[PDB]
Amino acid sequence: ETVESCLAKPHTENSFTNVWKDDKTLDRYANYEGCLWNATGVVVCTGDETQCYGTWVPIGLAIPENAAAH
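The numbers in PDB author numbering rise by one with no breaks, and the one at position 50 of the sequence shown is 50.
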């Protein structure tokens with residue numbers, strides 16, 4: 001994936017369902033097939049928080065945190 005475009009995205013303003021949370025990445029993240037957003041705190045969650053919306057800053061193609069796996 002083009003991490004440049006995945007980041008050129010609107011930056012968070014969006015959402016995703018079936019969201020997950022990596023203890024490695026250390027944060028909330030939504031696998032947008034090819035893209036990976038990241039939720040912080042204020043994130044509307046429903047269904048045990050499996051689906052949510054709010055700000056999902058873009059950072060990985062589909063799993064890496066914001067530090068870029070450093």
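From the three backbone atoms N, C-alpha and C, an ideal C-beta is built for every residue, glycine too.
Distance CB(residue i)-CB(residue j) smaller than 9 angstroms
{"i": "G54", "j": "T17", "result": "no"}
{"i": "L61", "j": "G34", "result": "yes"}
Separation of residue j from residue i, as counted between CA atoms
{"i": "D27", "j": "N66", "result": "9 angstroms"}
{"i": "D22", "j": "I63", "result": "8 angstroms"}
{"i": "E1", "j": "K24", "result": "21 angstroms"}
{"i": "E49", "j": "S5", "result": "28 angstroms"}
{"i": "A68", "j": "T40", "result": "16 angstroms"}
6 angstroms Cβ shell around residue i - same chain, five flanking residues per side excluded
{"i": "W37", "result": "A30, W56 and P58"}
{"i": "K9", "result": "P58"}
Given residue i as reference, the closest of the options once Cα atoms are compared
{"i": "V43", "options": "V19, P10 and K9", "result": "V19"}
Rounded distance between the beta-carbons of residue j and residue i, thought under 8 angstroms
{"i": "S15", "j": "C45", "result": "So it is not a contact: roughly 10 angstroms between Cβ atoms."}
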